[PDB]
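Asks: Please read through the structure below; I'll follow up with questions.
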Amino acid sequence: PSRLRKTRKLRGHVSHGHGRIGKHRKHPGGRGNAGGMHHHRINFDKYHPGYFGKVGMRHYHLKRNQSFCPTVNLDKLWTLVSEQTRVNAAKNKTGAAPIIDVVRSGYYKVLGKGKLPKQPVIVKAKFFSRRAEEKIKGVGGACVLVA
Amino acid sequence: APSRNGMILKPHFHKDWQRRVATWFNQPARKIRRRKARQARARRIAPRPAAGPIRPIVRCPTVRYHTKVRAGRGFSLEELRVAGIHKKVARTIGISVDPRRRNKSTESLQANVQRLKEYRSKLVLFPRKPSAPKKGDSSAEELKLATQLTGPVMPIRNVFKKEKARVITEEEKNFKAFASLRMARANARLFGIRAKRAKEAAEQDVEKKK
RNA sequence: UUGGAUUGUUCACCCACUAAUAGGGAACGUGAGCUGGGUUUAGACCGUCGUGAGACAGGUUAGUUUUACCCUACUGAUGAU
RNA sequence: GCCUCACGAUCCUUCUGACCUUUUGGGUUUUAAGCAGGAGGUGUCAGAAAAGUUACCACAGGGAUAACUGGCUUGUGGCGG
RNA sequence: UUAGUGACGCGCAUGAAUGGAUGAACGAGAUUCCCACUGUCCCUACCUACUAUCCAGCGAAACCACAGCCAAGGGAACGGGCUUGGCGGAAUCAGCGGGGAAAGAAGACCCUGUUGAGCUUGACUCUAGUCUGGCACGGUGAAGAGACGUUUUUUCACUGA
RNA sequence: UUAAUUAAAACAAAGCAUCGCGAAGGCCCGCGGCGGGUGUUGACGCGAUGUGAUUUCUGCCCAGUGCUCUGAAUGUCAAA
RNA sequence: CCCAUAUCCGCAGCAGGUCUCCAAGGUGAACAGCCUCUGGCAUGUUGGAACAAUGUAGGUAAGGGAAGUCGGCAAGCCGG
RNA sequence: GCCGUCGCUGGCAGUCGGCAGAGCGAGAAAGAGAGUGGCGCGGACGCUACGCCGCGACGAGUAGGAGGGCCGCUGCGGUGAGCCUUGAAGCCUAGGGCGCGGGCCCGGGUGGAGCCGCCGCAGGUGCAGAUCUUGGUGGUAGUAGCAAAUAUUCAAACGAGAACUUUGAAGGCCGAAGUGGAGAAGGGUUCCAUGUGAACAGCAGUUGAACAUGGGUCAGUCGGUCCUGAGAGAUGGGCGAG
RNA sequence: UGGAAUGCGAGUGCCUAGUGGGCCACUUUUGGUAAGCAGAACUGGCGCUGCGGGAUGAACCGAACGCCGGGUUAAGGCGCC
RNA sequence: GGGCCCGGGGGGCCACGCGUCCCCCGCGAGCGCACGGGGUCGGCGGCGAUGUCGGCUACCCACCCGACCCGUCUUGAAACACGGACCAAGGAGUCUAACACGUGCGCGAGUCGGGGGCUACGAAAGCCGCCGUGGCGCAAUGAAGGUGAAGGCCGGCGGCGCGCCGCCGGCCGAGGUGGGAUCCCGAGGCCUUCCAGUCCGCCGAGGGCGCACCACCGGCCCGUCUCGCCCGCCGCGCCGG
RNA sequence: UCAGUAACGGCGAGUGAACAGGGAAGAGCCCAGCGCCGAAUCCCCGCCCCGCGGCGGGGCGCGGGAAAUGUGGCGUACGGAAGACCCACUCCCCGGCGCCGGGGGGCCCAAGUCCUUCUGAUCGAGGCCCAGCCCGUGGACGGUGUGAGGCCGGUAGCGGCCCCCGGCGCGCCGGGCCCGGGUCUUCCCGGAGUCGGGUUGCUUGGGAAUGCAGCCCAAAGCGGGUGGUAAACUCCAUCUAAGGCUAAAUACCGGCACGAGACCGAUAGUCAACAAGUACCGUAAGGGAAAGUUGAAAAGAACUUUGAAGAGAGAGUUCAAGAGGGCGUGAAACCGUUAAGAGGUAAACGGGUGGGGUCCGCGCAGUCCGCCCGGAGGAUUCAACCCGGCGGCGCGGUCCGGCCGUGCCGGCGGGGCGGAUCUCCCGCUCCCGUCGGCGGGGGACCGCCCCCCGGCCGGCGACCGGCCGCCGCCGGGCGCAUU
Ligand SMILES: [Mg+2]
Ligand SMILES: [Mg+2]
Ligand SMILES: [Mg+2]
Ligand SMILES: [Mg+2]
Ligand SMILES: [Mg+2]
Ligand SMILES: [Mg+2]
Ligand SMILES: [Mg+2]
Ligand SMILES: [Mg+2]
Ligand SMILES: [Mg+2]
Ligand SMILES: [Mg+2]
Ligand SMILES: [Mg+2]
Ligand SMILES: [Mg+2]
Ligand SMILES: [Mg+2]
Ligand SMILES: [Mg+2]
Ligand SMILES: [Mg+2]
Ligand SMILES: [Mg+2]
Ligand SMILES: [Mg+2]
Ligand SMILES: [Mg+2]
Ligand SMILES: [Mg+2]
Ligand SMILES: [Mg+2]
Ligand SMILES: [Mg+2]
Ligand SMILES: [Mg+2]
Ligand SMILES: [Mg+2]
Ligand SMILES: [Mg+2]
Ligand SMILES: [Mg+2]
Ligand SMILES: [Mg+2]
Ligand SMILES: [Mg+2]
Ligand SMILES: [Mg+2]
Ligand SMILES: [Mg+2]
Ligand SMILES: [Mg+2]
Ligand SMILES: [Mg+2]
Ligand SMILES: [Mg+2]
Ligand SMILES: [Mg+2]
Ligand SMILES: [Mg+2]
Ligand SMILES: [Mg+2]
Ligand SMILES: [Mg+2]
Ligand SMILES: [Mg+2]
Ligand SMILES: [Mg+2]
Ligand SMILES: [Mg+2]
Ligand SMILES: [Mg+2]
Ligand SMILES: [Mg+2]
Ligand SMILES: [Mg+2]
Ligand SMILES: [Mg+2]
Ligand SMILES: [Mg+2]
Ligand SMILES: [Mg+2]
Ligand SMILES: [Mg+2]
Ligand SMILES: [Mg+2]
Ligand SMILES: [Mg+2]
Ligand SMILES: [Mg+2]
Ligand SMILES: [Mg+2]
Ligand SMILES: [Mg+2]
Ligand SMILES: [Mg+2]
Ligand SMILES: [Mg+2]
Ligand SMILES: [Mg+2]
Ligand SMILES: [Mg+2]
Ligand SMILES: [Mg+2]
Ligand SMILES: [Mg+2]
Ligand SMILES: [Mg+2]
Ligand SMILES: [Mg+2]
Ligand SMILES: [Mg+2]
Ligand SMILES: [Mg+2]
Ligand SMILES: [Mg+2]
Ligand SMILES: [Mg+2]
Ligand SMILES: [Mg+2]
Ligand SMILES: [Mg+2]
Ligand SMILES: [Mg+2]
Ligand SMILES: [Mg+2]
Ligand SMILES: [Mg+2]
Ligand SMILES: [Mg+2]
Ligand SMILES: [Mg+2]
Ligand SMILES: [Mg+2]
Ligand SMILES: [Mg+2]
Ligand SMILES: [Mg+2]
Ligand SMILES: [Mg+2]
Ligand SMILES: [Mg+2]
Ligand SMILES: [Mg+2]
Ligand SMILES: [Mg+2]
Ligand SMILES: [Mg+2]
Ligand SMILES: [Mg+2]
Ligand SMILES: [Mg+2]
Ligand SMILES: [Mg+2]
Ligand SMILES: [Mg+2]
Ligand SMILES: [Mg+2]
Ligand SMILES: [Mg+2]
Ligand SMILES: [Mg+2]
Ligand SMILES: [Mg+2]
Ligand SMILES: [Mg+2]
Ligand SMILES: [Mg+2]
Ligand SMILES: [Mg+2]
Ligand SMILES: [Mg+2]
Ligand SMILES: [Mg+2]
Ligand SMILES: [Mg+2]
Ligand SMILES: [Mg+2]
Ligand SMILES: [Mg+2]
Ligand SMILES: [Mg+2]
Ligand SMILES: [Mg+2]
Ligand SMILES: [Mg+2]
Ligand SMILES: [Mg+2]
Ligand SMILES: [Mg+2]
Ligand SMILES: [Mg+2]
Ligand SMILES: [Mg+2]
Ligand SMILES: [Mg+2]
Ligand SMILES: [Mg+2]
Ligand SMILES: [Mg+2]
Ligand SMILES: [Mg+2]
Ligand SMILES: [Mg+2]
Ligand SMILES: [Mg+2]
């Protein structure tokens with residue numbers, strides 16, 4: 001609201017907070033990003049390294065659906081199934097492992113950050129990282145590849 | 001002028017954007033107008049379903065969405081042919097037809113054929129002349145109970161096949177998913193070049209032979 | 001502490017008279033005091049310069065000079081204590 | 001090179017390098033684009049691509065800045081020990 | 001006699017249709033001198049008309065921070081105001097042009113502006129027009145020279161575009 | 001002749017001298033065409049310049065910059 | 001009907017501008033200037049009283065005669 | 001002495017009452033500890049804790065920043081069993097006051113119909129300037145001025161009123177290239193009669209081209225009308241996105 | 001025996017306006033005849049700042065400022081103003 | 001002079017019980033005055049209804065001291081710098097978008113229905129949950145193809161020859177160093193007739209767990225470089241690790 | 001939403017889509033061609049019946065023309081046609097006629113002008129028995145001499161009545177159609193100076209060229225186009241260009257008719273609240289204002305008198321002209337007059353006093369309060385006890401009854417929600433009547449919650465009743481006076 005802003009406090013103060021010497025003039029320095037390679041060079045180099053120039057290949061007609069690959073780490077793996085799924089498997093004696101289907105939860109690749117609980121599991125997924133596969137195998141699990 | 005740290009911004013306000021501002025103050029009015037036309041349309045076509053013709057099941061394209069099924073545009077002529085519904089008769093009884101759509105696989109085809117057979121089983125058909133029933137018209141006892149259906153006809157849902165826990169076999173334990181994945185990429189990558197090298201070697205060896 | 005010829009001239013020089021023909025300031029006194037000869041708009045000529053448009057502390061000719069009734073000062077004129 | 005100088009961004013082009021990556025539905029091959037390192041140059045040398053004239057002139061300003069007076073100074077000029 | 005005229009000419013920098021030299025007549029063109037004439041002047045005076053003037057009626061405007069006596073001082077280096085002195089007496093009339101660095105117009109001069117415009121060219125980038133070659137409209141027939149019955153080209157004709 | 005600061009020595013002028021053109025042409029207009037002006041014209045004409053009555057004369061220079069003329073003899077030279 | 005020092009255009013009853021026809025006597029070369037008749041007007045958007053300066057517009061000046069001034073500007077001389 | 005700011009990131013929930021017992025500021029850690037053996041019916045204020053209280057130091061300010069306004073303006077949600085024809089807003093006031101101030105309260109007058117406090121919300125929200133915009137008013141000032149083109153005077157009339165109107169008489173001027181008599185263009189009723197004397201006619205007016213009320217333009221022969229002029233301009237055609 | 005004196009609570013992070021014409025003096029100091037000239041170092045000023053004194057004065061001397069009473073002073077003064 | 005002004009043979013002491021052992025030789029009462037944690041009088045007098053009393057400020061006037069006209073640019077303005085004759089009313093940092101940081105609220109590894117739909121004020125509000133599509137966040141890195149976030153100990157075997165590498169089974173397990181608010185223990189200690197010994201509290205040398213945060217050292221992930229020896233197989237590879 | 005992204009760009013400044021996904025809406029079709037049907041087709045004129053303000057339906061003409069240089073029917077890429085065999089068929093439309101159930105217009109529908117009272121007039125204030133004037137499905141708003149649910153218009157109402165238009169239904173007459181599905185057999189099948197290519201210019205995010213256009217070249221038929229880096233070879237995928245129609249969801253500062261607003265309030269808001277695109281300016285294109293308010297009601301000031309009149313003095317209307325026709329209020333600047341004060345350093349100004357005014361204290365013998373002493377009086381007379389009511393508290397050391405634990409335990413408890421925890425019934429479907437899969441359902445189990453019952457502890461200070469006790473207060477008695 002306008003009643004809480006500086007203008008109400010700047011009534012009677014001539015310059016309105018812009019100074020008597022420099023004044024508030026229209027566009028000193030240029031408009032927008034003018035001067036980036038010129039009188040504004042220090043700001044751009046100091047705060048925006050890399051801004052000027054070109055790097056890497058072009059790709060025409062990029063379709064971001066083709067590279068769709070949501071990832072999940074192993075430390076969040078057991079959140080995809082219910083809590084009773086884990087405890088029932090942990091306490092059961094037959095040794096049956098539950099199937100966790102990451103694609104059903106909306107993930108494609110499984111990544112290795114984290115530590116799994118000491119509990120066998122069967123993991124279905126399109127992709128696995130190397131370390132994810134070993135951590136899943138270290139607890140007695142198995143990796144299953146889906147398409 | 002830039003001032004200390006910040007983001008570099010490029011607002012697209014270098015045209016006469018104020019000459020083409022679209023406000024939305026008529027939004028409540030549109031919602032009432034569209035609602036008032038859904039109701040007036042539902043009354044007009046009653047007891048036919050207000051949602052409209054039944055739509056088939058289709059799988060969304062691309063790898064981001066091919067795990068989902070949704071309502072298509074219309075049943076394919078192959079799906080209607082397998083279900084024994086004439087394509088010109090299909091629309092007259094609330095079935096949507098899409099002559100463009102193809103059937104590449106049988107499962108999707110049979111999924112929509114069962115859909116059409118289930119819908120045909122729920123169809124209550126009023127005789128063209130009320131006093132003179134005909135061969136396929138529903139019996140009077142089930143015409144009394146006919147009531148307009150709200151919401152999409154036989155809504156389409158994504159149902160997941162629950163797999164129960166099973167003992168892991170030594171063969172699954174020994175499978176190497178990452179090594180398999182990396183070698184599969186490499187074989188696809190080098191398949192063409194490997195055959196070209198193989199073909200030259202055959203020619204290279206043959207020339208010495210003969 | 002002057003009258004004059006030449007010069008827009010300041011300056012200069014000469015003629016002549018004279019006691020003498022001293023030197024200066026006052027916003028280089030003084031343009032709502034004048035004049036406008038010179039300089040310093042627009043026209044035009046010559047020379048030198050410039051391919052040119054044009055330029056020249058180089059010549060030449062023609063080229064609008066506004067207002068006071070206010071305050072003060074000053075000059076006079078009524079008057080006031 | 002005894003030391004303190006002897007030199008040049010982005011974009012673009014050109015060369016060198018890899019059993020390199022990509023060249024878009026797949027494969028081969030030309031081509032093209034990438035990645036790393038040199039060079040082609042900006043001497044106004046942190047790097048626009050650039051001739052005049054205006055007295056026919058214009059606008060925004062400037063006493064930050066020249067053309068009078070005034071002010072400080074007095075080399076020069078003048079005058080005096 | 002820094003003027004004029006006539007001569008002189010190593011002419012800063014004269015000169016031949018960027019025309020040179022001349023010359024009658026002509027000129028509201030520039031300049032010098034002479035006669036005549038005169039208030040241009042010595043050196044001013046008087047007279048006439050209309051004003052100004054005073055009155056009755058009627059009646060603006062420019063301009064204005066507040067204002068309105070000076071000397072010096074210091075001060076944004078020339079004060080109406082300030083400091084120190086000189087001093088100061090209502091309300092007004094006719095004149096006057098010293099001052100108000102008076103009014104008039106955001107200085108035309110000069111500079112600056114990454115503000116212009118008219119004009120020029122050996123500036124930069126273009127462009128109408130124009131010259132030139134190719135392709136199409138675009139054909140018929142004889143010869144010559146080529147190339148492997150076809151095909152390119154030169155000349156000469158034809159007519160139907 | 002610069003209406004409203006310049007009436008002039010400036011402009012014009014007759015005279016003089018160059019230059020282009022014989023019509024599918026010269027010079028010019030026009031976005032456009034079987035368009036238009038000169039032209040109801042035809043070289044004693046039309047178009048483009050310079051000088052500026054008469055008198056007398058108008059010298060030398062084609063290196064420069066222009067303009068112009070010759071070209072398969074012939075370097076460079078686009079598309080096709 | 002006005003047709004222009006008041007009917008038009010210049011902001012106005014503005015000394016500006018705005019196309020025509022008729023055209024007496026005298027003097028005189030004369031449609032010059034000066035006076036008059038026919039016709040017209042009331043002094044130009046006011047009057048009264050004074051007769052200072054300074055003006056604007058007219059004049060006249062002894063003796064000299066451009067000594068004035070940038071310059072004979074202005075006035076004057078001449079005049080049929 | 002008083003005001004505010006800052007600091008002590010100071011103190012106060014202990015108003016623990018007759019179900020009582022009043023203290024914890026004092027140089028120097030930690031209990032006004034608990035136990036086991038050897039008559040009256042009484043006692044101020046406080047504490048919106050966003051409150052209240054104490055102690056010490058400090059206080060210049062352009063540009064600029066920040067805080068607090070129980071400063072002010074308009075409208076919206078709530079609230080004030082708000083105010084008001086027994087008088088709202090507005091305005092005026094040598095009336096009484098409050099606040100450092102921005103401002104506000106009350107008294108008196110005028111006025112004639114609406115208005116305000118508080119908690120929140122919102123903003124086209126606060127003027128001395130901008131050669132600011134629009135409107136109004138000053139001094140100048142009863143001043144400049146009402147001076148181009150020779151000129152008026154006498155008598156009478158109407159009338160409230162006469163330098164200016166009308167009539168008569170004088171003296172003058174334009175002096176047939178006119179201040180005369182008629183037209184074109186332009187005007188558009190200004191023409192004519194009667195009336196008025198508000199406004200206008202830069203004095204006045206008994207007057208006017210002003211105002212008001214009514215009238216006035218008559219054609220075979222005078223023009224237009226017709227012709228063609230320089231020129232303009234359709235069709236056919238051409239061009240052209242149109 | 002926190003290992004010299006003295007004084008004082010410190011560290012750290014975000015966001016940030018105005019400014020980017022200065023000028024003056026002691027001392028040092030460049031150019032210049034010099035300049036109230038131009039150009040540097042150090043510190044302090046004026047700019048932004050009143051107040052007592054230097055009659056007057058941006059910068060000198062004293063001293064820095066909430067609204068007051070009493071006392072005393074600084075630099076400067078005490079013929080009269 | 002110094003030694004509670006050492007020891008022996010008229011004037012002031014913030015000496016003044018005693019049993020002693022012996023160096024040496026824990027509460028008296030009252031009363032009162034005050035140079036005592038900032039002023040009181042338990043002291044008085046005159047005047048007052050028609051001309052007098054009080055009234056800061058305000059209206060007018062006088063006097064003494066002070067005192068240049070504001071706004072503005074400016075090193076410097078009272079300036080002979082510009083705007084301003086006077087009065088009223090109007091009159092200039094806004095709204096949209098994006099971003100950053102700070103603050104407040106909600107929920108929280110999630111969060112957000114904004115588009116859509118359902119059911120006078122109300123164009124509001126309520127709801128959706130198989131409307132969460134989707135945005136942002138939860139993963140980075142590389143131009144890209146792509147890859148994509150701790151280890152150790154015990155036992156056994158194979159190879160090299162007690163140490164190293166590879167493959168097998170069991171146990172522990174998200175690093176450490178310095179600082180670090182707070183918390184924890186507690187050597188000893190917090191009195192009343194005197195001793196013993198308790199319950200609750202309370203203080204505290206020293207010693208511990210150490211938040212956030214900082215510095216430092218390790219580790220892990222992706223690009224790239226150097227060195228180098230192995231391991232896998234439906235593809236024995238210019239394969240993959 | 002993708003997305004300020006892929007991309008474009010002196011790769012600077014800047015620019016910048018699409019696909020997928022979720023929604024709004026949803027609708028599909030027709031020719032040429034290739035063929036078959038005796039042109040089976042169409043227009044117009046004349047006569048008869050019907051209708052006739054949307055010019056049409058039927059019948060009859062050796063009536064006219066169009067059209068084989070191609071009309072109509074079938075049929076169009078989803079394939080289509082003809083034939084054969086099986087199977088199935090009577091409603092679908094056109095032009096007339098009659099009968100039965102949203103829109104526009106008109107008229108109407110509750111309750112105070114009750115009693116006092118203020119006012120110029122009021123709609124104001126006060127009141128209207130228990131109970132609470134009356135109506136209320138109407139307390140929106142406007143009007144009326146303030147300020148009004150009830151005075152009037154209205155407002156409310158699945159209220160009423162009366163006209164007209166429409167929509168939806170049901171019958172009769174005269175016409176048209178003589179209509180389909182499947183399996184086999186045989187046949188047929190497509191748009192050219194267009195595509196495509198070169199080049200030029202423009203355009204796009206489209207980059208060895210996204211779209212468009214000019215000129216040149218100029219097609220094919222298992223072809224052609226697209227497949228986001230030029231090109232050759234090769235597989236694939238996907239469409240079928242150069243003919244055509246099509247509602248809806250979308251847009252809307254003009255127009256007609258309406259509703260609303262945290263908007264402005266006569267220098268604002270449109271330029272325009274009013275005889276405003278007016279007056280006025282310009283030759284013209286154009287430019288373009290100012291300007292709202294008496295009063296409740298004109299009751300708008302008769303009449304007398306001075307003056308030529310304008311103007312005045314009286315008089316009168318009105319609540320008020322101290323509202324007098326550009327009249328509500330009526331500011332400042334500026335001006336007149338009256339009163340007071342003052343006046344030779346322009347005026348004004350800060351500080352300090354002093355003098356004089358105007359008014360204020362609605363001043364002028366000077367405060368109020370508690371307790372106590374004394375003198376005069378007077379009483380709805382004090383304490384203490386008794387009856388009743390209410391309240392507070394109670395560790396009632398541990399009284400009864402309640403609700404109740406965002407408490408803990410025991411249950412053959414009677415249930416809802418959820419679960420990526422397990423598992424007898426059925427629908428479709430492959431295979432032989434068998435037997436396996438998808439989908440729809442019990443049931444069990446786990447977690448949480450609600451309700452029932454028993455045992456401990458436990459609150460009632462956001463959550464209480466009865467008795468008992470103590471205390472306080474109130475009403476009534478008695479106390480009758482050293483209180
Ligand atoms: Mg400030
Ligand atoms: Mg600021
Ligand atoms: Mg400013
Ligand atoms: Mg600046
Ligand atoms: Mg600056
Ligand atoms: Mg800005
Ligand atoms: Mg900045
Ligand atoms: Mg001078
Ligand atoms: Mg002068
Ligand atoms: Mg002059
Ligand atoms: Mg001159
Ligand atoms: Mg000149
Ligand atoms: Mg030359
Ligand atoms: Mg060497
Ligand atoms: Mg660049
Ligand atoms: Mg391909
Ligand atoms: Mg010139
Ligand atoms: Mg010049
Ligand atoms: Mg000078
Ligand atoms: Mg000397
Ligand atoms: Mg001479
Ligand atoms: Mg000579
Ligand atoms: Mg020659
Ligand atoms: Mg020459
Ligand atoms: Mg007079
Ligand atoms: Mg002055
Ligand atoms: Mg003074
Ligand atoms: Mg003067
Ligand atoms: Mg001047
Ligand atoms: Mg200027
Ligand atoms: Mg100028
Ligand atoms: Mg610059
Ligand atoms: Mg230019
Ligand atoms: Mg131009
Ligand atoms: Mg060139
Ligand atoms: Mg002229
Ligand atoms: Mg002239
Ligand atoms: Mg020539
Ligand atoms: Mg030559
Ligand atoms: Mg006269
Ligand atoms: Mg007269
Ligand atoms: Mg006249
Ligand atoms: Mg006159
Ligand atoms: Mg004489
Ligand atoms: Mg004589
Ligand atoms: Mg002379
Ligand atoms: Mg002389
Ligand atoms: Mg003369
Ligand atoms: Mg301060
Ligand atoms: Mg007053
Ligand atoms: Mg009223
Ligand atoms: Mg507003
Ligand atoms: Mg204002
Ligand atoms: Mg103002
Ligand atoms: Mg006068
Ligand atoms: Mg005439
Ligand atoms: Mg006449
Ligand atoms: Mg008059
Ligand atoms: Mg007349
Ligand atoms: Mg034409
Ligand atoms: Mg200096
Ligand atoms: Mg400054
Ligand atoms: Mg400072
Ligand atoms: Mg100071
Ligand atoms: Mg001095
Ligand atoms: Mg003192
Ligand atoms: Mg002194
Ligand atoms: Mg003084
Ligand atoms: Mg300024
Ligand atoms: Mg300056
Ligand atoms: Mg100033
Ligand atoms: Mg000065
Ligand atoms: Mg200026
Ligand atoms: Mg001014
Ligand atoms: Mg935040
Ligand atoms: Mg609404
Ligand atoms: Mg994004
Ligand atoms: Mg664009
Ligand atoms: Mg899409
Ligand atoms: Mg939908
Ligand atoms: Mg056909
Ligand atoms: Mg199709
Ligand atoms: Mg009613
Ligand atoms: Mg009532
Ligand atoms: Mg009402
Ligand atoms: Mg009403
Ligand atoms: Mg009522
Ligand atoms: Mg009613
Ligand atoms: Mg109704
Ligand atoms: Mg087609
Ligand atoms: Mg273009
Ligand atoms: Mg473009
Ligand atoms: Mg490709
Ligand atoms: Mg269409
Ligand atoms: Mg108005
Ligand atoms: Mg308006
Ligand atoms: Mg107004
Ligand atoms: Mg207003
Ligand atoms: Mg107006
Ligand atoms: Mg008004
Ligand atoms: Mg009144
Ligand atoms: Mg009134
Ligand atoms: Mg009224
Ligand atoms: Mg009014
Ligand atoms: Mg009034
Ligand atoms: Mg007065
Ligand atoms: Mg007086």
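Asks: So if the hydrodynamic radius of the range A:62-147 is defined as the Kirkwood radius over C-alpha pairs, what does Stokes-Einstein give as its diffusion coefficient at 10 °C and 1.306 mPa s, in µm² per second?
Replies: Taking Rh from Cα pairs, D becomes 120 µm²/s.
Asks: Find the all-direction average of the projected area of the Cα convex hull for chain A, expressing the result in square nanometres with one decimal place.
Replies: Hull-based average projected area comes out at 18.7 nm².
Asks: Right, here's the next one. With only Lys, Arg, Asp and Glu charged, each at its Cβ (+1 for the first two, -1 for the last two), find how big the charge dipole of the range A:11-147 is about the Cα centre; round to the nearest 20 debye.
Replies: Result for the range A:11-147 is approximately 600 debye, rounded to the nearest 20.
Asks: Also: Please compute the length gained on full extension between B:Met7 and B:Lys210, using 0.36 nm multiplied by the number of residues separating them and subtracting their Cα-Cα distance.
Replies: Gain in length upon complete extension: 65.8 nm.
Asks: Then there's this: Could you tell me the relative contact order of chain B? Use alpha-carbon pairs under 8 Å, at least six residues apart, and round to a whole percent.
Replies: Here the relative contact order equals 19 percent.
Asks: With a cut-off of 8 Å between alpha carbons and a minimum separation of six or more residues, what is the relative contact order of the range A:1-126 in percent?
Replies: 19 percent
Asks: Another question about this same structure. Find the percent of Cα-Cα distances in chain B that exceed 25 Å, and round it to a whole number.
Replies: 69 percent
Asks: Here's something else I'd like to know. For chain B, what is the mean residue ellipticity at 222 nm derived from helices alone (per DSSP H run of n ≥ 4: -39500 (n - 2.57); sum divided by total residues; nearest 500 deg cm²/dmol)?
Replies: Result for chain B, helices only: -14000 deg cm²/dmol.
Asks: Can you pull the mean other chain C-beta count within 10 Å for peptide B:114-121?
Replies: The mean count of partner-chain Cβ atoms within 10 Å per residue comes to 0.
Asks: From other protein chains only, count the Cβ atoms within 10 Å of every residue's Cβ in B:163-170, then give the mean.
Replies: If you average over the peptide's residues, the count of other-chain Cβ atoms is 6.
Asks: Hey, another quick one. What is the mean number of Cβ atoms from other protein chains located within 10 Å of the Cβ atom of each residue in peptide B:171-178, rounded to a whole number?
Replies: Partner-chain Cβ atoms within 10 Å, mean over residues of B:171-178: 6.
Asks: How long are the semi-axes of the equivalent ellipsoid of the range B:65-173, defined as square roots of 5 times the Cα gyration tensor eigenvalues? Whole Å, largest first.
Replies: Equivalent ellipsoid of the range B:65-173: 37, 19, 13 Å, largest first.
Asks: Which of the listed residues, B:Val124, B:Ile95, B:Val113, is farthest toward the dipole's positive end in the range B:93-133, when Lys, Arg count +1 and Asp, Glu count -1 at the beta-carbon?
Replies: The one lying farthest along the dipole's positive direction is B:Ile95.
Asks: Hey, got the dipole for chain B? About the Cα centre, +1 on K and R Cβ, -1 on D and E Cβ, debye to the nearest 20?
Replies: Charge dipole of chain B: 1100 debye, to the nearest 20.
Asks: Between the helical axis of B:106-122 and the dominant principal axis of chain B, each derived from Cα atoms, what acute angle in degrees is found, rounded to the nearest 10?
Replies: 10 degrees
Asks: Follow-up question, since we're still on this one. Go through the range B:61-117 and name the trypsin sites (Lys or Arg not before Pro) that are in a DSSP coil and have 11 or fewer other Cβ atoms within 10 Å of their Cβ.
Replies: B:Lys68, B:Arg100, B:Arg102, B:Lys104
Asks: Using the Cα centre of the range B:128-210 as origin and beta-carbon charges of +1 (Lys, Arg) and -1 (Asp, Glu), tell me which of B:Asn158, B:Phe178, B:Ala146 is placed farthest towards the positive end of the dipole.
Replies: About the Cα centre, the residue reaching furthest to the positive side is B:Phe178.
Asks: What value, in deg cm²/dmol to 500, does the helix sum -39500 (n - 2.57) over DSSP H runs of n ≥ 4 give at 222 nm once divided by the residues of chain A?
Replies: The helix contribution divided over chain A gives -5500 deg cm²/dmol.
Asks: A further question follows. At B:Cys60 and B:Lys36, where each label point lies 7 Å from the Cα along Cα→Cβ, what is the point-to-point distance in nanometres?
Replies: Label-label distance for B:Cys60 and B:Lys36, simple model: 3.5 nm.
Asks: Tilt of helix B:177-209 relative to the longest C-alpha principal axis of chain B, in degrees (0 to 90, nearest 10)?
Replies: 50 degrees
Asks: Give the dimensionless ratio obtained when the Cα radius of gyration of the range B:7-74 is divided by 2.2 N^0.38 Å.
Replies: The value comes to 1.92.
Asks: Please report how far the C-alpha centroid of the range A:79-147 lies from that of the range A:1-70, rounded to the nearest whole angstrom.
Replies: 48 Å
Asks: Among the listed pairs A:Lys118/B:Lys176; A:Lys137/B:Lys199; A:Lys63/A:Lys115, give every one whose C-alpha distance is greater than 31 Å.
Replies: With Cα atoms farther than 31 Å apart: A:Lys137/B:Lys199; A:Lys63/A:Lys115.
Asks: Say each of B:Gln18 and A:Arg11 gets a label point 7 Å from the Cα, pointing the same way as Cα to Cβ; how far apart are those two points in nm?
Replies: Output for this residue pair reads 2.6 nm.
Asks: Let me ask something else. Classify the protein assembly as shown as rounded, prolate or oblate, taking a ≥ b ≥ c as the square roots of the eigenvalues of its Cα gyration tensor: rounded when a/c is under 1.5, otherwise prolate if a/b is larger than b/c and oblate if not.
Replies: Taking the square roots of the gyration eigenvalues as a ≥ b ≥ c, the protein assembly as shown is oblate.
Asks: Continuing with this model, one more query. How much FRET efficiency would the formula 1/(1 + (r/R0)^6) give for B:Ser121 and B:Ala46, where r is the Cβ-Cβ distance and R0 is 35 Å, rounded to 0.05?
Replies: E between B:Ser121 and B:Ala46, to the nearest 0.05, is 0.95.
Asks: Which distance in nm do the two modelled labels at B:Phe25 and B:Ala201 give, with both placed 7 Å along the Cα-to-Cβ direction?
Replies: That separation, rounded to one decimal, is 7.9 nm.
Asks: Could you please rank B:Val206, A:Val102, A:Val110, B:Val82, placing first whichever residue has the fewest other Cβ atoms within 10 Å of its Cβ?
Replies: Fewest-to-most ranking of B:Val206, A:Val102, A:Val110, B:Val82: B:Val206, B:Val82, A:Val102, A:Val110.
FYI, it's all coordinate maths here, none of it is from the lab. So basically every Cβ, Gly included, is an ideal-geometry build from the backbone, and we count neighbours across all protein chains shown.
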